[PDB]
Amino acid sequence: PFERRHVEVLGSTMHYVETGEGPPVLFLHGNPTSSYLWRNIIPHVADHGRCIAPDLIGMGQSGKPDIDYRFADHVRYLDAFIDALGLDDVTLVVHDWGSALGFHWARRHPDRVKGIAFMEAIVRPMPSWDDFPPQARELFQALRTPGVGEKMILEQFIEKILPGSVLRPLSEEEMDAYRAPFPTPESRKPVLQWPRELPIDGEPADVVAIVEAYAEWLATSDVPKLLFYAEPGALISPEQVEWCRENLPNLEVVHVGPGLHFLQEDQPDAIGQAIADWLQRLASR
């Protein structure tokens, strides 16, 4: 039901799906997903704008160049993609690392952003490992350890963390779609680098500074914002909901019901209908 396109970007290629016409709505997935994450949300939004969902570089059907896949690499590829489509007056819909990419792009292009809808997002740096639930703490500490992380993700993960953070059973066919970009250790390098970019306890310092910078911009910008909360969630807990409600101007919060980290696979209709309603109210202003 979507157009599938490839676009040349910085000597590689990026795959995206698109549907609809009007002001662009840019959907940014995170780790270890792809535009497939948005397949059941986009149809709710498609009559309201030009819906665009790229696969980040090295992920989905996008090219797999020989790069570090650090956050800064992804920034460059996504900047070129957005400029390749000539996107202006952009509504962002973002998740996980897609939210960091989206917030960072919005702060740097404040006149080109119309609104930001975000879920299970990286709003703030994580000052200590003590803030983490013990489960995620041990996992992230293990992935961020040289040798161990390579064993866990490369020379051996997606089959466990994806169904682990969806409440309802993930089908084999959905799992096949998420496995498909990542058959080989070589192909899984972005999946390992992403957790090693997480701004935790001051490291890495360059991503910590990026997240600090866009958190300050979010708290000062009048851009309309929509935050989705799932029970219990993972990154976005009630605690983070309260911090956003207190500190981020022009924010609406929507509770979508039960869900974990990949809430698009638990409540896609709730998320899509809320975005569609939000775009209409923003147009009415």
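Start at 1 with the first residue shown and count on from there.
J.: Is there a break between residue 156 and residue 157, and how many deposited residues does it span: none, 1 to 3, 4 to 9, or 10 or more?
T.: The entry has a short gap there, with 1 to 3 residues left out between residue 156 and residue 157.
J.: Quick one: higher average CA temperature factor, 47 to 55 or 229 to 237?
T.: The recorded data point to 229 to 237.
J.: Please work out which of 184 to 192 and 129 to 137 has the higher mean CA B-factor as recorded in the PDB entry.
T.: Looking at the recorded C-alpha B-factors, 129 to 137 comes out higher on average.
J.: Could you say which of 202, 98, 169, 110 has its CA atom at the highest B factor, as listed in the PDB entry?
T.: So the option with the highest C-alpha B-factor is 202.
J.: Given 210, 177, 121, 162, identify the residue with the highest C-alpha B factor in the PDB entry.
T.: Highest C-alpha B-factor among the listed residues goes to 162.
J.: Classify residue 36 as lowest, middle or highest third according to the C-alpha B-factor given in the PDB entry, relative to its own chain.
T.: As the PDB entry reports it, the C-alpha B-factor of residue 36 lands in the lowest third of its chain.
J.: Which third of the chain holds residue 18 when residues are ordered by C-alpha B factor: lowest, middle or highest?
T.: It belongs to the middle third of the chain when residues are ordered by C-alpha B-factor.
J.: Ranked by Cα temperature factor within the chain, is residue 11 in the lowest third, the middle third or the highest third?
T.: Highest third - that is where residue 11 ends up once the chain's C-alpha B-factors are sorted.
J.: By the record's CA B-factor, is residue 87 among the lowest, middle or highest third of residues in the chain?
T.: Highest third - that is where residue 87 ends up once the chain's C-alpha B-factors are sorted.
J.: What third of its chain's C-alpha B-factors does residue 147 belong to: lowest, middle or highest?
T.: CA B-factor rank for residue 147: highest third.
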